[PDB]
Amino acid sequence: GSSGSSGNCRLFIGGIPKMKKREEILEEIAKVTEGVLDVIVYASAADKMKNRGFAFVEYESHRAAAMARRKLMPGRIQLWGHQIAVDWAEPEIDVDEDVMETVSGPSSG
């Protein structure tokens with residue numbers, strides 16, 4: 001079960017208040033970064049359950065996320081006055097082997 005799960009693209013957004021919900025985060029992101037499809041939150045049927053201060057941002061365009069992080073990487077943009085940081089979600093994809101001609105459907109080789 002090697003690691004990879006090469007597919008969609010999500011940005012690691014850490015350093016945000018729990019008072020906010022995936023609903024708010026998405027918006028605050030739709031401005032700081034253009035190209036966001038949707039935002040996901042990790043928590044037990046409740047964002048303010050484990051006191052987690054982070055959120056996931058899925059970008060339709062694999063790049064939309066790569067170029068969206070370089071904008072918040074330096075921490076130039078803050079959310080609700082709170083500092084935020086962007087990190088590469090995927091730990092290790094299958095780019096080493098296949099990084100070009102990204103295809104989502106091996107149906108026909």
# chains A, B, ... in the order shown; residues from 1 in each chain; ligands from 1
>>> residues_around(residues="residue A:6", least_positions_apart="4", cutoff="9 Å", atoms="only C-alpha atoms", output="PDB file with N, CA, C and O atoms, in the first residue's frame")
ATOM      1  N   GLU A  90      -0.431  16.705   0.487  1.00  0.00           N
ATOM      2  CA  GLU A  90       0.148  15.444   0.043  1.00  0.00           C
ATOM      3  C   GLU A  90       1.612  15.340   0.459  1.00  0.00           C
ATOM      4  O   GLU A  90       2.448  16.168   0.094  1.00  0.00           O
ATOM      5  N   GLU A  92       3.814  12.658  -0.183  1.00  0.00           N
ATOM      6  CA  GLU A  92       4.624  12.160  -1.289  1.00  0.00           C
ATOM      7  C   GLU A  92       3.747  11.523  -2.363  1.00  0.00           C
ATOM      8  O   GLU A  92       3.220  10.426  -2.177  1.00  0.00           O
ATOM      9  N   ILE A  93       3.596  12.220  -3.484  1.00  0.00           N
ATOM     10  CA  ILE A  93       2.783  11.722  -4.588  1.00  0.00           C
ATOM     11  C   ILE A  93       3.612  10.866  -5.538  1.00  0.00           C
ATOM     12  O   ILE A  93       4.795  10.623  -5.300  1.00  0.00           O
ATOM     13  N   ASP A  94       2.984  10.412  -6.617  1.00  0.00           N
ATOM     14  CA  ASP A  94       3.664   9.584  -7.606  1.00  0.00           C
ATOM     15  C   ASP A  94       4.235  10.442  -8.731  1.00  0.00           C
ATOM     16  O   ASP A  94       4.328   9.999  -9.877  1.00  0.00           O
ATOM     17  N   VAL A  95       4.617  11.670  -8.397  1.00  0.00           N
ATOM     18  CA  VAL A  95       5.179  12.590  -9.379  1.00  0.00           C
ATOM     19  C   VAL A  95       6.505  12.071  -9.921  1.00  0.00           C
ATOM     20  O   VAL A  95       6.766  12.139 -11.123  1.00  0.00           O
TER      21      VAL A  95
END
>>> residues_around(residues="stretch 18-23 of chain A", least_positions_apart="6", cutoff="12 Å", atoms="only C-alpha atoms", output="list in words")
residues 29, 30, 38, 39, 40, 41, 42, 43, 46, 47, 48, 49, 50, 51, 52, 53, 54, 55, 56, 57, 58, 79, 80 and 82 of chain A
>>> residues_around(residues="residue A:63", least_positions_apart="2", cutoff="12 Å", atoms="only C-alpha atoms", output="ChimeraX atom specification")
/A:8-11,33-36,58-61,65-70,102
>>> select_by_dssp(residues="stretch 34-108 of chain A", states="strand (DSSP E or B)", output="ChimeraX atom specification")
/A:36-40,54-59,79,82,85-88
>>> write_last_selection(atoms="C-alpha atoms", output="compact mmCIF listing (two decimals), in the first residue's frame")
# COMPACT_ATOMS: atom_id res chain seq x y z
CA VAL A 36 -10.61 27.19 -4.96
CA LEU A 37 -13.29 24.56 -5.57
CA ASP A 38 -14.35 23.74 -2.02
CA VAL A 39 -13.13 23.64 1.59
CA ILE A 40 -13.04 20.61 3.88
CA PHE A 54 -7.04 24.27 10.62
CA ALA A 55 -8.90 23.70 7.35
CA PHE A 56 -8.45 22.09 3.94
CA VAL A 57 -8.83 23.95 0.64
CA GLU A 58 -9.36 21.94 -2.55
CA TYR A 59 -8.34 23.63 -5.80
CA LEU A 79 -7.50 35.53 8.20
CA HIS A 82 -5.07 35.70 12.66
CA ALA A 85 0.34 29.21 6.99
CA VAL A 86 0.11 27.10 3.84
CA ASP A 87 1.72 23.67 3.59
CA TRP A 88 1.73 20.89 0.99
>>> select_by_dssp(residues="chain A", states="alpha helix (DSSP H)", output="list in words")
residues 22, 23, 24, 25, 26, 27, 28, 29, 30, 31, 32, 62, 63, 64, 65, 66, 67, 68 and 69 of chain A
>>> closest_residue(among="A:62, A:77, A:3, A:84", to="residue A:15", atoms="only C-alpha atoms")
A:84
>>> atom_distance(atom1="atom CA of residue A:71", atom2="atom CA of residue A:13")
12.3 Å
>>> atom_distance(atom1="atom CA of residue A:100", atom2="atom CA of residue A:5")
15.8 Å
